[PDB]
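Trainee: quick one, structure for this:
(chains A, B, C, D, E, F and G)
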Amino acid sequence: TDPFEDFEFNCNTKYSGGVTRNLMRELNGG
Amino acid sequence: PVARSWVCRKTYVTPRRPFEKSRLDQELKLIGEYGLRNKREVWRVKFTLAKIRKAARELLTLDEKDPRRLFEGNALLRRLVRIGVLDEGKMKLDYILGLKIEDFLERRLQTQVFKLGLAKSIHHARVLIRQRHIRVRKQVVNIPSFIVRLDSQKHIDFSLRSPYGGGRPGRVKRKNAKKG
Amino acid sequence: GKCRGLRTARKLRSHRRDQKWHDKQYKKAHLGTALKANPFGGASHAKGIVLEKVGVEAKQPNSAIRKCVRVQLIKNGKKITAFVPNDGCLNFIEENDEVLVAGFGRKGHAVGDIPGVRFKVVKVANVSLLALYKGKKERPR
Amino acid sequence: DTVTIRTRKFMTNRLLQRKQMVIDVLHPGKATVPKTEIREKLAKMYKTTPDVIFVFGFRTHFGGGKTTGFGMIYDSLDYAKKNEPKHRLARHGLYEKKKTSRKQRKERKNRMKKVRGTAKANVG
Amino acid sequence: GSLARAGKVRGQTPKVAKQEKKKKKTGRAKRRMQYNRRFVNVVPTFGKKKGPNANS
Amino acid sequence: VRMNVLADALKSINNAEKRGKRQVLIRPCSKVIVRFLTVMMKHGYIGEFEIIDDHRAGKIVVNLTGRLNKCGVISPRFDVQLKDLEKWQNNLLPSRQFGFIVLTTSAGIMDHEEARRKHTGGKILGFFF
RNA sequence: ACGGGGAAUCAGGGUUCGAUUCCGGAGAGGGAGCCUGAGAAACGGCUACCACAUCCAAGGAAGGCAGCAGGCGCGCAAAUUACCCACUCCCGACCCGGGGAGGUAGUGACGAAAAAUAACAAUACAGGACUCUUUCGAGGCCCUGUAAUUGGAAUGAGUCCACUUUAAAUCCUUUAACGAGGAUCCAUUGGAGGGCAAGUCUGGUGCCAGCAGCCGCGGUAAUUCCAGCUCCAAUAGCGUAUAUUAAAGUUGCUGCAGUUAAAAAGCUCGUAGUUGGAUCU
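Mentor: Numbering: from 1, shown residues only, chains lettered A, B, ... in the order given. I have put the structure below:
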């Protein structure tokens, strides 16, 4: 599972918040 | 009409944002490092530090020769150096604003029992103090939050009735001796 | 602009006190008509007697039947509609029994799907709906 | 160790014919010393009889080290019986309180309030 | 708009009994366990900065 | 109409300093304007100025060293005690290291630091920093 | 709407609250009128009417808990018909009598303070390695770890004894006996899409049941319902309803706005009101 493109093809669907949260967790994990 | 007193106060403040990640991490670091029980101990030390900072900040707006500033600032500084939070070399009102929460957490009896070597770990120090094994001078102290003064640091012994320092075995040792 | 004079205290005070009425929350809390129209009469909770069970169709995008009960309050006899929160919880309420009812959490406003219902049932027959829901307590036999 | 007695705030009260003091009791590994043993110790320390020595209010410090209380040594036993609270005398068997409860006395008083003359003695 | 189905889904959900798990620590011990999990060891990480309850 | 000529003087100085002009004309002049200007110039904000003495009410030509960030008046002239001075300083001044509040006190027109030294309150005229 | 001292909140400015133990006032079912007295328009004093209500042999008599307990009713909403004058004081002719004032206990998760529910070690293993080496490895050279592993230590919750406490053991403290391995002597309350900390894991339901403060989830992979597991937030506490404070610079004195978002009167005059030019050492 990859947050980077998950955010790129889910930000309009029901899962926008989860994939956005995961992508920000990858970027700055602390 | 009753002869009782209703004077009481709360000793901590609940944070404004309940779920700040950095705040949670810092508070957990403090709890783990000093072996505290919950976040309320962190918040209590935070509240005392905040009140001391507030008094110092108010006193720093007065004139440097205002008699109330002199009296109250000298009292506050003497109190802060009494418990060893502040070095007596740095005894100006502006150095009070430089104190951290960990300076006040360092003076706890739990931390001091761990540091003086009477305990192997900080949690061991907590269970030691709570189990009436640690005395300050001649007084058995059950409170891990006991803030040790500078003049009291040199006298933190292992109690005169504790199995570890006084010479009477506990229940477990006595029962095991009675087994054989 | 605004008058800034050393002797304008009366003008400033009167203007602020007159303009505060155009604030909706202040006018609600100080006029008293909204307190008179409040079924609870300023109370946080109220007991009532259940008159019937009703099913209130949800709002336009959603599609469900919310379970509510008409309850007549003991204190003043006013009829209200109280939403029975959890699922299978309407089976815990009988006709003409006694319930405790609290607000819905929006200070006399409808909440979510349910239209025109601003109350929720908290107790029934002196046992809370949560104690019956989780099996901790049973309805008296 | 053994029990030790010290008398902190000694004072000679000639107005009540006694000597009043604060008693510190060192009992490093024992239960709180009974008042009677403390009275014997005070009698030995002050060269008098333990029947004019009244001790009370003994609080043991946390941790079990010592006990602190108050004590009073009277000039004689009659001066004691004159200046002493009745309960501290009864703790020595020198005074006996009434048996009746407050309720019985109050109801009896109100009953006698309803009669006039010697008939008051005939109520109860 | 019938009231006949009121406990439908809860009534027909297959009951599963809770497992017999060990008691969790409480108080200072639980906080010490959290501190050890989160700040002392980095065992479960894969370098990807996931969540504590990540199932993927 | 024209009330508070000090407000006009300070606004003219402010608008001229913003535009970068090296001199400003203030009219009419008054004792209070000259005292405020002297308080500014002692602290080295405006520099020297001249008073054109026309025979009805003076005018002033004020040189403008580019050191004045803001100058303003406080209207109405609130009466300020010694205790309220710190609150006024917090409200008006950009920092505790620079900037002055000017008061008219019975000892004259002077900055807040001078009034604290002299142990007197007064009425706040304006500020500059 | 009893007033104030004051309380909550608050950067500064404020906003709400104050029946409530201290001071002042008022009342003793509603009114009214009085006796005695230094002092009362007194009600644990009287007289009458009004309302309510009691005993009656129907001729009469007798009432006043907004004192302390207690009962009914009301309601979302509040404790024992307990012990004592030992303390604090008050009253009396009085060193002695009395005091539901007051004290002491009982109920008490209003609230506030301290503070348990484990600590250590040997033993797999995990990783680093402010330690040694041709990757290698020695990682007891430090620190983790559902390991129901094993091992001895520590101790109080509890039961109990003697003191001490106290007017009377009415707790706390003190001593002693017993008292932990699943230390079963078993911590819960809300949540896990976002706001907001923490699972698009599995099973069930299929715009139903329900969730959801708001946006929203659910019409067959439901990150949101019902559950299992796991996880996180606070923790002997946590959720909910309502009032209120900050947030709210969305009441703006500090400190808001008015072309088009809500908004400058159709226009002018004009009395109160507000403001009012330089100048006197």
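Trainee: okay, buried residues for the helix ranked longest in chain A please.
Mentor: Counting by DSSP state H, the longest helix found in chain A is helix A:16-27. Neighbour counts using 16 or more other Cβ atoms under 10 Å in any protein chain shown place A:19, A:22-23, A:25 of helix A:16-27 among the buried residues. (C-beta placed from N, C-alpha, C; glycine too.)
Trainee: can I get those in JSON lines with distance to RNA strand G?
Mentor: Shown next, in JSON lines, are the buried residues of helix A:16-27 (distance: Cβ to the nearest atom of the strand, whole Å):
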{"residue": "A:19", "distance to RNA strand G": "6"}
{"residue": "A:22", "distance to RNA strand G": "6"}
{"residue": "A:23", "distance to RNA strand G": "11"}
{"residue": "A:25", "distance to RNA strand G": "7"}
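Trainee: returning to that earlier point: ok, the longest helix of chain A near chain B or not?
Mentor: No. Using Cβ under 8 Å from any Cβ of the partner chain, helix A:16-27 never reaches chain B; the gap is at least 10.5 Å.
Trainee: what residue in chain F comes nearest to chain A?
Mentor: Closest residue of chain F to chain A, Cβ to the nearest Cβ: residue F:95 (33.9 Å).
Trainee: ok, now which ones touch that residue?
Mentor: Residue F:95 sits next to no residue when contact means Cβ atoms under 8 Å, 6 or more residues apart in numbering or on different chains.
Trainee: if I look at it, how far off is residue F:88?
Mentor: 14 Å (Cβ to Cβ, to the nearest Å).
Trainee: now do residue C:117
Mentor: 54 Å.
Trainee: what residues sit buried inside stretch F:94-114?
Mentor: F:99-104, F:109-112, F:114.
Trainee: roughly how far apart are the most centrally placed residue in chain A and residue E:52?
Mentor: Centrality entry for chain A: nearest residue to the mean C-alpha point is residue A:19, 2.5 Å, by Cα atoms, centre = their mean. Look at residue A:19 and residue E:52: by Cβ to Cβ, they are 18 Å apart.
Trainee: for chain C, what's the nearest residue on chain F?
Mentor: Closest point on chain F to chain C, by Cβ to the nearest Cβ, is residue F:76, at 4.5 Å.
Trainee: Three-state assignment for the closest residue to that residue other than its chain neighbours, please.
Mentor: Nearest non-adjacent residue to residue F:76, counting by Cβ to Cβ, 6 or more residues apart in numbering or on different chains: residue C:6, 4.5 Å away. Counting by DSSP: H, G, I helix; E, B strand; the rest coil, the backbone at residue C:6 sits in coil.
Trainee: what's the burial count for residue C:6?
Mentor: Around residue C:6 there are 11 other residues, counting by other Cβ atoms under 10 Å in any protein chain shown.
Trainee: ok, now the one 3 residues further on?
Mentor: Here the number of neighbours of residue C:9 (other Cβ under 10 Å) works out to 9.
Trainee: that one: what's it in contact with?
Mentor: Taking Cβ under 8 Å, 6+ apart, one finds nothing in contact with residue C:9.
Trainee: and it, how far is that from chain D?
Mentor: Going from residue C:9 to chain D by Cβ to the nearest Cβ, to the nearest Å gives 61 Å.
Trainee: same check, this time on residue F:11
Mentor: For residue F:11, the distance to chain D - Cβ to the nearest Cβ - is 73 Å.
Trainee: check whether the strand or helix carrying that residue comes near chain C.
Mentor: Using DSSP states H and E, residue F:11 sits in helix F:5-18. No. Using Cβ under 8 Å from any Cβ, helix F:5-18 stays clear of chain C, coming no nearer than 11.3 Å.
Trainee: contact partners of that helix?
Mentor: By Cβ under 8 Å, 6+ apart, helix F:5-18 touches F:2, F:23-26, F:28-30, F:32-33, F:36-37, F:46, F:60, F:62, F:64, F:66, F:68, F:70-73, F:75, F:125-126.
Trainee: closest residue of chain C to chain F?
Mentor: Nearest residue of chain C to chain F, counting by Cβ to the nearest Cβ: residue C:6, 4.5 Å away.
Trainee: for that residue, give me its contacts.
Mentor: Here residue C:6 is in contact with F:76-78 (Cβ under 8 Å, 6+ apart).
Trainee: just among those, which is most surrounded?
Mentor: Ranking the contacts of residue C:6 using other Cβ under 10 Å puts residue F:77 first, with 17 neighbours.
Trainee: look up how far residue F:128 lies from that residue.
Mentor: Between residue F:77 and residue F:128 the distance, using Cβ to Cβ, works out to 16 Å.
Trainee: kindly report the same for residue B:38.
Mentor: Here the criterion is Cβ to Cβ. By it, residue B:38 lies 53 Å from residue F:128.
Trainee: between those two, which is the more surrounded one?
Mentor: Higher neighbour count among residue B:38 and residue F:128: residue F:128, with 25 against 14, using other Cβ under 10 Å.
Trainee: contacting residues for the more buried one?
Mentor: Residue F:128 neighbours (Cβ under 8 Å, 6+ apart): F:40, F:45, F:68, F:70-72, F:99-100, F:102.
Trainee: what of residue D:107?
Mentor: Residue D:107 neighbours (Cβ under 8 Å, 6+ apart): none.
Trainee: looks to me like it is in a helix.
Mentor: Yes. Applying three-state DSSP, one finds residue D:107 inside a helix.
Trainee: tell me the spacing between it and chain F.
Mentor: 67 Å.
Trainee: pretty sure residue D:25 sits in a strand.
Mentor: Yes. The assignment for residue D:25 by three-state DSSP puts it in a strand.
Trainee: ok, for it, nearest residue in space, not its chain neighbours?
Mentor: residue D:67 (4.3 Å).
Trainee: can you list the residues of chain D near chain C?
Mentor: Close to chain C, as judged by Cβ under 8 Å from any Cβ, chain D has no residues.
Trainee: to clarify, my last question referred to chain E.
Mentor: Near chain C, when you scan chain E using Cβ under 8 Å from any Cβ, you find E:1-3, E:6-11.
Trainee: can we see that at 6 Å?
Mentor: Applying Cβ under 6 Å from any Cβ of the partner chain, we find that chain E lies next to chain C at E:1, E:3, E:6-7, E:10.
Trainee: nearest to residue B:142 among these?
Mentor: residue E:10 (49.5 Å; Cβ to Cβ).
Trainee: isn't the closest one right next to residue C:88, touching?
Mentor: Yes. At 4.9 Å, residue E:10 and residue C:88 qualify as touching, with contact defined as Cβ atoms under 6 Å.
Trainee: of those two, which one has the most company?
Mentor: Using other Cβ under 10 Å as the criterion, residue E:10 and residue C:88 rank with residue C:88 on top: 17 against 12.
Trainee: for the more buried one, phi and psi?
Mentor: phi 70, psi 10 (degrees, to the nearest 10).
Trainee: same question, the one 4 residues further on
Mentor: Phi and psi for residue C:92, reported as degrees, to the nearest 10, are phi -90, psi 0.
Trainee: number of residues surrounding it?
Mentor: 22.
Trainee: roughly how far does it sit from chain A?
Mentor: For residue C:92, the distance to chain A (Cβ to the nearest Cβ) stands at 33 Å.
Trainee: how about that residue: what's its closest non-neighbour residue?
Mentor: Closest to residue C:92 by Cβ to Cβ, 6+ apart is residue C:132, at 4.7 Å.
Trainee: report the secondary structure state of that neighbour.
Mentor: helix.
Trainee: that one and residue B:128: what is the separation?
Mentor: Counting by Cβ to Cβ, the gap from residue C:132 to residue B:128 is 48 Å.
Trainee: in chain D, which spans are strands?
Mentor: With DSSP state E as the criterion, chain D has strands at D:4-7, D:11-13, D:18-26, D:53-60, D:66-74.
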